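With ideal geometry, Cβ positions are generated from the backbone for all residues, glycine too; neighbour counts draw on all protein chains shown. Just so it is clear, none of the values below were taken in a lab; they were calculated from the coordinates.
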Amino acid sequence: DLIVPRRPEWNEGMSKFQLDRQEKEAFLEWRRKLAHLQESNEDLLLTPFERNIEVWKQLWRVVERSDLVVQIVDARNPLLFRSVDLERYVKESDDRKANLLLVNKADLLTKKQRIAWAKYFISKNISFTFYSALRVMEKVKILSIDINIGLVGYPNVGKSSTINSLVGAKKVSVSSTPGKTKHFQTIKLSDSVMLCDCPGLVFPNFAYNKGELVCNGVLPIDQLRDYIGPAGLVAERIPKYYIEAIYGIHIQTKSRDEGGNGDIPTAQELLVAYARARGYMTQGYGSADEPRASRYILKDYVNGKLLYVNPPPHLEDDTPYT
Amino acid sequence: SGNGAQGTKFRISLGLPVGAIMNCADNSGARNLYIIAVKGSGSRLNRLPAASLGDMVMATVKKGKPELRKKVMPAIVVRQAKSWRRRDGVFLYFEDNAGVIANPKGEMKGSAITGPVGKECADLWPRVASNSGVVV
Amino acid sequence: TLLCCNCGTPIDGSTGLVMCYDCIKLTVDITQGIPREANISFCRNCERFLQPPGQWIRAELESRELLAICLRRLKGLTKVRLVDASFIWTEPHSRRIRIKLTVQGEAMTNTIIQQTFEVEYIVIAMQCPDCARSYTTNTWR
RNA sequence: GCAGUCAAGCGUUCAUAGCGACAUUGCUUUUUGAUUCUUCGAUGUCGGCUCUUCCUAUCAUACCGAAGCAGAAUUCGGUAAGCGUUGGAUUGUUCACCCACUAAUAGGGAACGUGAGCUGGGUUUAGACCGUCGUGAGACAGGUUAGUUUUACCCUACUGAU
RNA sequence: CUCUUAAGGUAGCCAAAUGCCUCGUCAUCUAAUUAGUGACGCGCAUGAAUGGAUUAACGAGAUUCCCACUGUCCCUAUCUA
Ligand SMILES: [Zn+2]
Ligand SMILES: [Zn+2]
């Protein structure tokens with residue numbers, strides 16, 4: 001539901017104090033809804049909504065002065081990366097608006113998937129475009145070619161490397177961490193336009209909070225402690241032969257045929273076929289350590305080597321086909 | 001000894017000290033038990049404590065059902081390989097050191113015990129004797 | 001088809017279970033051994049705070065490492081399988097901090113039960129001994 | 001570091017059942033500082049292993065007394081040092097922290113006990129690497145790595161033997 | 001716009017044999033780890049042939065963990081020259 005607050009009446013007045021306070025209060029009362037929707041659903045569900053006054057104030061320096069904002073989204077699960085009420089929000093000053101969201105890194109999805117998935121956005125008559133940034137229907141995937149400019153995105157969905165296909169000049173910092181690029185940078189190029197990015201953020205995607213799929217880049221995979229949810233999800237996907245295919249390991253002959261695991265084992269019978277095949281053993285006794293081998297498969301699940309894609313808006317058995 | 005133990009046990013040759021890894025004999029899903037310390041132990045310099053048949057220990061699990069391990073729990077031995085002596089003079093020894101998981105009051109965690117069990121533990125802990133099929 | 005064996009009336013399932021949910025809710029407790037108010041310390045010049053013996057963590061208000069110091073605070077919370085330690089909001093000016101904790105203490109015999117309990121963390125102002133003495137003038141290095 | 005007298009006041013109203021001001025007298029060498037008095041033609045310098053004994057400012061044990069001491073459980077207190085006071089992870093470590101048992105896991109001394117008793121991880125030679133300084137040789141009490149530990153057959157003591 | 005006479009740490013890497021504070025912070029290994037590994041980086045004082053980064057193989061090189069193994073240890077005992 002509600003996600004992003006408003007930018008009320010800069011208005012060209014005075015009182016730096018006032019310009020501070022009318023946004024500080026906005027933040028204090030913006031977060032109220034978050035707490036209102038916090039106990040709203042059960043009393044456990046809670047997605048990663050930042051509460052930093054500093055970055056929430058920095059966001060009020062960039063979008064309006066850009067007046068043309070564009071979104072970056074990973075092409076593996078593009079619903080949660082999208083912001084619901086950002087469309088609703090960027091319609092407040094009565095001027096040039098309509099962020100007109102886009103998607104990014106579309107060089108993993110196949111032919112008979114991409115068109116039936118463009119039907120999603122088109123059926124809801126919304127704007128979008130596919131863009132392979134590393135390297136209405138009459139398109140396949142448009143090349144690099146196709147007044148200020150905003151560039152917002154989720155952490156490390158590729159926003160810090162999308163500009164390496166525009167100028168290719170290595171202007172902004174990038175690694176595989178969700179907290180790198182900070183202290184917004186107005187990158188100048190083609191002086192008729194001026195481009196500004198922002199620090200990364202995380203918005204109120206209430207759908208799928210605990211039993212979800214935000215183990216992509218949202219929480220630090222380099223710092224996790226659950227190691228069964230974040231690993232067992234990959235077990236429900238990626239049929240047994242493909243992990244036998246890449247790594248070459250021998251997992252199980254479906255021993256426990258009762259309601260313990262059955263087919264598609266869980267995150268206790270395959271992680272012990274990896275670490276025991278990698279020699280990663282504990283301190284005290286030879287035992288296949290799971291949680292430090294789950295961080296050697298999860299950095300392979302998200303970078304793009306082990307691939308799984310979203311199914312249509314209805315519950316569907318097997319959309320991907322390796 | 002009275003951590004739920006019924007009577008007073010005679011002395012038994014201290015077979016398995018700390019650092020020892022003894023099999024588990026219950027259906028709790030644990031497959032071994034690493035002893036770390038002992039109850040009723042005595043304190044002498046450089047003497048690491050030890051556990052005999054019937055004794056209660058603190059143990060860790062090193063193989064099985066990862067909701068069990070990486071925590072300490074009480075355990076009770078039921079077999080040892082060190083030959084001890086019953087007061088009828090006979091000596092006897094099993095072929096494997098083996099124990100059982102329990103709570104601090106003497107109640108077991110599982111429901112049955114595979115393999116034989118010592119008289120000197122069954123007489124002392126009744127719940128063990130209840131879940132046991134073979135006593136020597 | 002069993003009886004609650006504490007009250008008696010609740011015929012429950014044989015999935016493997018114990019006395020009635022109301023009976024375990026009211027009589028049995030597995031969160032004992034903790035104060036529900038915790039007094040911490042904090043500066044009013046550098047905004048710093050610590051555990052009683054240790055270095056000041058330097059973390060700002062509403063940081064992730066607040067949970068680190070708050071778990072490092074000596075309770076029996078560490079004993080039992082912590083999970084879902086998310087933050088609850090409290091008024092900044094009323095100088096209180098609130099967290100809800102949930103630990104899975106075992107019931108009688110291998111029956112795992114949720115627990116929903118809350119704790120409040122209150123703060124008192126210090127002046128930071130290391131930050132002071134430094135403003136005092138004793139022997140130099 | 002420890003003790004004693006004044007004890008604002010906190011301790012359900014109930015100045016010491018208990019904790020704590022302002023100070024004030026004053027103790028031990030088991031702490032730093034200060035001195036340079038003894039050793040500069042050899043007092044072998046960290047810690048640990050081992051082993052013995054002593055002190056009490058008592059952690060437990062025994063016996064007593066008082067408590068917002070019903071019982072239970074605790075706290076404080078008095079004589080009291082007879083007996084005991086651990087196994088382990090990390091660290092060279094003293095110190096520290098943590099796990100676990102335990103009646104308890106108290107503090108200290110004997111040339112900061114103890115190298116012809118051991119070890120040599122550390123410091124403290126020469127080799128060599130990094131960082132900073134320096135024009136440079138070279139410096140760093142900064143980090144890292146490698147690096148010879150000697151003699152008793154004498155006197156006494158002690159243990160045992162004539 | 002600039003200030004010192006020049007330029008102003010780029011790609012890359014990191015509590016690294018370079019990091020004082022420091023037993024840095026987070027996670028993990030452990031019953032417990034000032035150790036070890038992975039990640040973070042305003043880095044006292046990293047850094048590009050005063051060479052940077054990665055590297056299969058090799059190493060009487062330094063360091064951590066595991067299986068096996070054992071008188072290293074619990075805790076000592078015995079035999080021979
Ligand atoms: Zn009931
Ligand atoms: Zn301060």
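What chymotrypsin sites (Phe, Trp or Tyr not before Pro) in region A:1-99 are in a loop by DSSP, with at most 13 other Cβ atoms within 10 Å of the Cβ?
Of the chymotrypsin sites (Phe, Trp or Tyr not before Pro), the ones in loops of region A:1-99 whose Cβ has at most 13 other Cβ atoms within 10 Å are A:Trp10.
Before anything else, pin down the relative contact order of chain B: Cα pairs under 8 Å, at least 6 apart, normalised by residue count, whole percent.
Contact order relative to length: 26 percent.
How many nm separate the modelled label positions at C:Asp12 and A:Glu9, each set 7 Å beyond the Cα in the direction of the Cβ?
5.9
Less than 14 Å apart at the alpha-carbon level, and either on another chain or at least 8 residues along: which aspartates and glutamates does that give for A:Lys112?
A:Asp318
Please list, in order along region B:104-119, the HN-Hα scalar couplings obtained from phi with the Karplus expression 6.51 cos²θ - 1.76 cosθ + 1.60 (θ = phi - 60°), rounded to whole Hz, x for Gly and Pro.
Values, residue by residue: x, 8, x, 7, 6, 9, x, 10, 7, 10, 7, x, x, 9, x, 3 Hz.
Within 10 Å, Cβ to Cβ, of B:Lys63, how many net charges do the neighbouring residues add up to if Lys/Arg are +1 and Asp/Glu are -1?
Combined, the nearby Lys, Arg, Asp and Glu give +4.
Using alpha-carbon pairs under 8 Å, 6+ residues apart, how would you state the relative contact order of chain C in percent?
Worked out over chain C, it gives 23 percent.
Taking the square root of 5 times each eigenvalue of the Cα gyration tensor, what semi-axes in Å does the equivalent ellipsoid of region A:165-302 have, largest first?
39, 17, 15
Mind listing the long-range amide H neighbours of C:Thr90? Cut-off is under 5 Å, sequence gap 5 or more, other chains count too, H placed in the peptide plane at 1.01 Å from N.
C:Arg98
Please tell me which of these pairs span more than 32 angstrom C-alpha to C-alpha: A:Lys24/A:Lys180; A:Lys124/A:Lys240; A:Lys141/A:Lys254; A:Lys240/B:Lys63; A:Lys16/C:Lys100; A:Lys170/A:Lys305?
Checking Cα-Cα distances, A:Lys124/A:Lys240; A:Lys141/A:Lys254; A:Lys16/C:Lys100 exceed 32 Å.
When DSSP assigns beta bridges and you keep just the ones with both residues in chain C, what percent turn out antiparallel, to the nearest 5?
Among the beta bridges of chain C, antiparallel pairing accounts for roughly 65 percent.
What percent antiparallel are the DSSP beta bridges of the protein assembly as shown, to the nearest 5?
65
Compute the separation of the alpha-carbon centres of region B:1-48 and region A:163-200 and state it in Å as a whole number.
Region B:1-48 and region A:163-200 have Cα centres spaced 63 Å from each other.
Any of A:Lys57/A:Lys159; A:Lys97/A:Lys171; B:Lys109/C:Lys25; A:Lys57/A:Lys139 with alpha carbons more than 29 Å apart? Name them for me.
Result: A:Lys57/A:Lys139 exceed 29 Å.
Viscosity 1.306 mPa s, temperature 10 °C: what is the translational diffusion coefficient of the protein assembly as shown from Stokes-Einstein with a Kirkwood Rh over Cα pairs, rounded to a whole number of µm²/s?
For the chosen part, D equals 54 µm²/s.
How far is the Cα center of region C:65-141 from the Cα center of region A:53-130, in Å?
39
Give me the net charge for the shell around A:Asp1: Cβ to Cβ below 11 angstrom, other residues only, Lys and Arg +1, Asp and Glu -1.
Residues close to A:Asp1 contribute a combined charge of +1.
Hey, got a sec? Which trypsin sites (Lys or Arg not before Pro) in region C:5-53 land in a DSSP loop and have at most 14 other Cβ atoms within 10 Å?
Passing both the DSSP loop test and the Cβ count: C:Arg36, C:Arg44.
For A:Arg278, what charge total do you get from the other residues with a beta carbon under 15 Å from its beta carbon, if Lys and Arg give +1 and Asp and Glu give -1?
Once all neighbours under 15 Å are counted, the net charge is +1.
For region A:258-266, take each phi angle, set θ = phi - 60°, evaluate the Karplus expression 6.51 cos²θ - 1.76 cosθ + 1.60, and give the result in whole Hz per residue in order, putting x for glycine and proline.
7, x, x, 10, x, 5, 6, x, 9
May I ask you to list the trypsin sites (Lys or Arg not before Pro) in region C:92-122 that are in a DSSP loop and have at most 14 other Cβ atoms within 10 Å of their Cβ?
Loop-located and lightly packed - C:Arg95.
Of the beta bridges DSSP finds with both residues in region B:15-136, what % are antiparallel, to the nearest 5?
80
Ordered by residue, what ³J(HN,Hα) values in Hz, to whole numbers, does region C:49-62 give under the Karplus form 6.51 cos²θ - 1.76 cosθ + 1.60, where θ = phi - 60° and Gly and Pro are x?
Using θ = phi - 60°, the values come out as 7, 9, 7, x, x, x, 8, 6, 6, 6, 5, 7, 4, 6 Hz.
Once chain C is represented by equal point scatterers at the alpha-carbon sites, with solvent omitted, what log10 I(q)/I(0) does the Debye formula produce at q = 0.13 Å⁻¹?
-0.71
Tell me, what is the Rg over Rh of region A:90-201, with Rh the Kirkwood radius over Cα pairs?
With Rg and the Kirkwood Rh in hand, the quotient comes to 0.97.
For a bin width of 10 Å, list the pair-distance distribution of region B:15-136 built from all Cα-Cα distances, rounded to whole %.
Using 10 Å bins, I get a P(r) of 14, 48, 32, 6, 0 for region B:15-136.
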